Peer 1: 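Below is one structure. I have some questions about it.
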Amino acid sequence: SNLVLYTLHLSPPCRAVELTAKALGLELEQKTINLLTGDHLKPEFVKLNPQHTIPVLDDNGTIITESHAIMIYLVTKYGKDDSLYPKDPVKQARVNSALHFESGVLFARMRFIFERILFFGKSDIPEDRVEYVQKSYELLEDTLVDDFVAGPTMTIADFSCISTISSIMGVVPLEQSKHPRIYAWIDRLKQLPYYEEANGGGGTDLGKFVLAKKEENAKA
Amino acid sequence: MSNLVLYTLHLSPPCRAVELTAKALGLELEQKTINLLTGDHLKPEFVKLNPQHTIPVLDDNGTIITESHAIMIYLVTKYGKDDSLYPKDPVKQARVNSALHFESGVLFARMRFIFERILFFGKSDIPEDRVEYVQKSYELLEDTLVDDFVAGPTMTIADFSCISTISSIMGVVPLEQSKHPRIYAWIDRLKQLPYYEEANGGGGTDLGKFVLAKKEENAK
Ligand SMILES: N[C@@H](CCC(=O)N[C@@H](CS)C(=O)NCC(=O)O)C(=O)O
Ligand SMILES: N[C@@H](CCC(=O)N[C@@H](CS)C(=O)NCC(=O)O)C(=O)O
């Protein structure tokens, strides 16, 4: 049976998994979990993930939660080689470090900005949020000593990072002159034949939605 | 070959996560102090070593690994007599990986959102939204603890990551017993480890106390 992803295209971690599936040549059956209408808080979803977050993978009855765990699981089970997630302990350590940089820094700080606008009716992006996000950009820039986030080769860590960066750059400005490594890295990822469908459109659209929601919230 | 070297500060939660892991693996760590409180992490030589200027950093005979979760996985992978602390079964490992990213993306990130502004930016308050964010993280952890440990019936590195953070934040944003019976029973299990207090418990308590003292010093 097909792999099932419980998902929403606007969600960055969902798009990270979509990029990974495209890279692996996997077809995902996508089941919408609409966060705006509280689909993730329904008992039938909470049973799949006590943390009530998307994405969640159902692989023939086996439930895997959390985008990074899902990506590692998919590469491990379905990869024809380990290029996207190395088995070598030292190469893997660099990828693992970057995956946690994404969850702990990039995504967390994006969510600290977006959640309150999308779900709590806020009409601002406080100075401290802006500062945190700008610092996350600096940290990513300084991490990009090689062409990709975890070395000379593209890995799942790049998919995680771009899913988030492509979303927040539309809201908290990512100054081109100050982040040449990030922009050059974005250009590399944009060369992927599946980049637009798996990530680019949804990242751009999430940023636009946050800006629209901020305006709506300011008015009422 | 050389003893493992950790650039570290006992007060730091991710450093204590690594300390717990080394104790569990029966490994000696040569600790080199990087005092964040005096800006040691920003000296040119350390930044060259870790462009993100965070601790912990492992030096294993010239191999440099940043990021506590990556360090823990590397240590178990290379030096574990068995893989109990970080399983190789894809599904069991996915459960651990999911919990590790919950720790970095939720528990740790929200603790840092509370602590950093006090410890380093001269702030003297804990905004209500920070308290709520942290309380939510406790609820998410409680709901994740369906088994004896965070990622299943066996203690793993995910437990060490989680407790290092929980033991720190609970002294500032109270983690109330009636609401979190699973967390308290889990803490009791970890407290049965002979090395728990030394590797983690006291340091977590001390960080919470230091945050409260700094908050008061920062006032007016
Ligand atoms: N570390 C998780 C983060 C998942 C996450 O926070 N997803 C958001 C959507 S972007 C969500 O489901 N939020 C709903 C909630 O937290 O209740 C992952 O990468 O899968
Ligand atoms: N995900 C990282 C977090 C590391 C981290 O943020 N450590 C803090 C101390 S708790 C630090 O070094 N802060 C200094 C800085 O970010 O400049 C890990 O687990 O190693």
Side-chain angles (χ1 to χ4, degrees), chain A residues 13 46 49-53 56-57 59 62-77 87-90 92-109 111-112 115-116 120 122 126 128-129 131-132 135 138-145 150 160, chain B residues 14 47 50-54 57-58 60 63-79 88-91 93-110 112-113 116-117 121 123 127 129-130 132-133 137 139-146 161:
Chain A
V46 174
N49 189 176
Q51 293 161 198
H52 56 76
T53 59
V56 172
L57 181 83
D59 182 359
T62 295
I63 306 297
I64 312 292
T65 68
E66 208 280 329
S67 68
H68 315 269
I70 291 166
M71 284 183 268
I72 289 166
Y73 174 85
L74 293 175
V75 176
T76 297
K77 188 164 178 69
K87 296 206 168 178
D88 176 68
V90 171
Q92 197 190 278
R94 188 163 174 197
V95 181
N96 292 341
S97 178
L99 292 168
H100 285 281
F101 173 74
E102 195 278 340
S103 55
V105 179
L106 295 178
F107 183 77
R109 293 174 191 197
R111 183 168 161 156
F112 197 48
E115 181 179 4
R116 58 199 297 285
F120 308 145
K122 304 298 188 176
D128 57 7
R129 263 66 170 191
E131 294 164 357
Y132 260 127
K135 195 72 173 62
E138 182 185 325
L139 290 164
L140 175 59
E141 182 75 8
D142 293 351
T143 300
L144 279 162
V145 297
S160 193
Chain B
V47 174
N50 179 189
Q52 290 164 198
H53 51 82
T54 59
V57 175
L58 182 78
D60 181 2
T63 298
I64 307 306
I65 300 168
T66 59
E67 211 283 327
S68 67
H69 311 84
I71 292 165
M72 275 177 273
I73 291 167
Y74 175 85
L75 292 174
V76 176
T77 299
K78 190 168 176 70
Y79 300 112
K88 294 212 171 175
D89 176 72
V91 178
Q93 195 191 96
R95 189 171 176 184
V96 179
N97 291 161
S98 176
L100 293 169
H101 287 280
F102 171 74
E103 196 281 330
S104 59
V106 181
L107 295 177
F108 180 80
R110 295 174 189 195
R112 179 163 171 161
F113 288 145
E116 185 179 8
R117 57 196 297 285
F121 306 158
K123 306 297 178 180
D129 66 358
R130 304 297 203 285
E132 287 179 313
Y133 225 20
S137 81
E139 171 193 318
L140 291 164
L141 174 59
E142 177 76 12
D143 292 357
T144 300
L145 275 161
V146 295
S161 286

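Below, chain A is the first sequence line, B the second, and so on; all start at residue 1.
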Peer 1: Test of understanding: with salt bridge (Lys or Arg N to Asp or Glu O under 4.0 Å), list the residues that count as partners of B/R95, not counting sequence neighbours.
Peer 2: B/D147
Peer 1: Working to the nearest 0.5 angstrom, can you tell me the gap between B/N97 CG and A/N96 CG?
Peer 2: 7.5 Å
Peer 1: If I take atom NE2 from residue A/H68 and atom NE2 from residue B/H69, how far apart are they, to the nearest 0.5 angstrom?
Peer 2: 11.0 Å
Peer 1: Top residue by heavy-atom pair count (under 4.5 Å) with chain B, among A/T53, A/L99, A/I70?
Peer 2: A/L99
Peer 1: With only heavy atoms counted, which part of A/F107 is less than 4.5 Å from chain B, the side chain, the backbone, both or neither?
Peer 2: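 No part of it gets close to chain B.
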Peer 1: Please look at A/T65 and chain B and tell me whether the side chain, the backbone, both or neither of the residue comes under 4.5 angstrom of a heavy atom of that chain.
Peer 2: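 Contact with chain B is through both the backbone and side chain of A/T65.
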Peer 1: Heavy-atom pairs under 4.5 Å with chain B: which of A/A69, A/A108, A/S103 has the most?
Peer 2: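 Top option by heavy-atom pairs under 4.5 Å: A/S103.
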Peer 1: Taking side chain as everything from C-beta outward and backbone as N, CA, C, O, which of these in A/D128 sits under 4.5 Å from a heavy atom of chain B? Side chain, backbone, both or neither.
Peer 2: side chain
Peer 1: Measure distances from B/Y133 to the heavy atoms of chain A and classify the residue's part below 4.5 Å as side chain, backbone, both or neither.
Peer 2: side chain
Peer 1: Please state whether the side chain, the backbone, both or neither of A/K135 comes within less than 4.5 Å of a heavy atom of chain B.
Peer 2: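 Side chain only.
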Peer 1: So which of B/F121, B/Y74, B/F113 has the largest heavy-atom pair count under 4.5 angstrom toward chain A?
Peer 2: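 The candidate making the most pairs under 4.5 Å is B/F113.
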Peer 1: Any chance you could measure B/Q93, atom CD, to A/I64, atom CD1, to the nearest 0.5 Å?
Peer 2: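 Nearest 0.5 Å value for the CD-CD1 distance: 10.5 Å.
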Peer 1: Top residue by heavy-atom pair count (under 4.5 Å) with chain A, among B/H101, B/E67, B/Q52?
Peer 2: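 Of B/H101, B/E67, B/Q52, B/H101 has the most heavy-atom pairs under 4.5 Å with chain A.
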Peer 1: Give, as side chain, backbone, both or neither, the part of A/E102 having an atom under 4.5 angstrom from any heavy atom of chain B.
Peer 2: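 Looking at A/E102, nothing touches chain B.
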Peer 1: For chain A, which of B/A94, B/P90, B/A99, B/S98 has the most heavy-atom pairs under 4.5 Å?
Peer 2: B/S98
Peer 1: Quick check on B/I73 against chain A: is it the side chain, the backbone, both or neither that has a heavy atom closer than 4.5 Å?
Peer 2: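 Side chain only.
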